[PDB]
Amino acid sequence: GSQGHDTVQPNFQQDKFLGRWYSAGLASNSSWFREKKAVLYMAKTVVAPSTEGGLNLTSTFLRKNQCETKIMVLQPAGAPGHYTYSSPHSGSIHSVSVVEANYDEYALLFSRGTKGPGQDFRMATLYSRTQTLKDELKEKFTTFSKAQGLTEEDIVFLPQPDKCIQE
């Protein structure tokens, strides 16, 4: 059937099981992320098979000649394409699904949150396999964003002028 349950498209690839990714594409209704732009930090996420029977995406960012490590556990949420991770807390679970993965040089990711007091938070991510992103590739997020009824104020590409490895 149509509508009701089709916000994300199913597509499981061998690479999805494990691969290196860059924390590209950022979109938020609020201005929380913007307040973080003043610091400018980029984290590289990599999901590797864990002993728990799942994958573990570790995001590592380098900000101001400083690199930090972040470990995240992702487990299957039933049907393929949908996965969720149990964030450290008294019962906080964030559900994240991947709309579609391009076989060119980019990937579309969509994040959703409860927003503190169940304010239903909406997050959109545009990861880039390359070091950066093209306004062209940015164009895909713009057309879709404008099509949905959102301005550029909601979408922004976080810069990564540091590279924890490359230099």
# chains A, B, ... in the order shown; residues from 1 in each chain; ligands from 1

$ select_by_dssp --residues "stretch 37-142 of chain A" --states "strand (DSSP E)" --output "ChimeraX atom specification"
/A:43-49,55-62,67-68,71-76,82-87,92-101,106-113,121-128

$ residues_around --residues "residue A:46" --least-positions-apart "3" --cutoff "6 Å" --atoms "only C-alpha atoms" --output "JSON, numbers by chain"
{"A": [19, 20, 21, 57, 58]}

$ write_last_selection --atoms "N, CA and C atoms" --output "compact mmCIF listing (two decimals), in the first residue's frame"
# COMPACT_ATOMS: atom_id res chain seq x y z
N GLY A 19 31.53 0.08 7.11
CA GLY A 19 32.20 1.01 6.23
C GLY A 19 32.49 2.34 6.89
N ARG A 20 33.45 3.07 6.33
CA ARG A 20 33.83 4.37 6.86
C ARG A 20 32.98 5.48 6.26
N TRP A 21 32.49 6.38 7.11
CA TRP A 21 31.65 7.48 6.66
C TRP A 21 32.04 8.78 7.35
N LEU A 57 29.20 1.94 14.94
CA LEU A 57 29.64 3.15 14.26
C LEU A 57 30.35 4.09 15.23
N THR A 58 31.65 4.27 15.03
CA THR A 58 32.44 5.14 15.87
C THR A 58 32.75 6.46 15.16

$ residues_around --residues "residue A:141" --least-positions-apart "3" --cutoff "9 Å" --atoms "only C-alpha atoms" --output "PyMOL selection string"
chain A and resi 25+108+126+137-138+144-146+155

$ atom_distance --atom1 "atom CA of residue A:156" --atom2 "atom CA of residue A:29"
11.2 Å

$ select_by_dssp --residues "stretch 12-44 of chain A" --states "helix (DSSP H, G or I)" --output "count of residues only"
10

$ closest_residue --among "A:38, A:164, A:93, A:147" --to "residue A:59" --atoms "only C-alpha atoms"
A:164

$ residues_around --residues "residue A:47" --least-positions-apart "6" --cutoff "12 Å" --atoms "only C-alpha atoms" --output "list in words"
residues 15, 16, 17, 18, 19, 20, 21, 22, 54, 55, 56, 57, 58, 59, 60, 70, 71, 72, 73, 74, 75 and 85 of chain A

$ residues_around --residues "residue A:61" --least-positions-apart "3" --cutoff "10 Å" --atoms "only C-alpha atoms" --output "ChimeraX atom specification"
/A:22-23,40-45,58,64,66-70,160,162-164

$ atom_distance --atom1 "atom CA of residue A:4" --atom2 "atom CA of residue A:83"
18.7 Å

$ atom_distance --atom1 "atom CA of residue A:30" --atom2 "atom CA of residue A:99"
21.7 Å
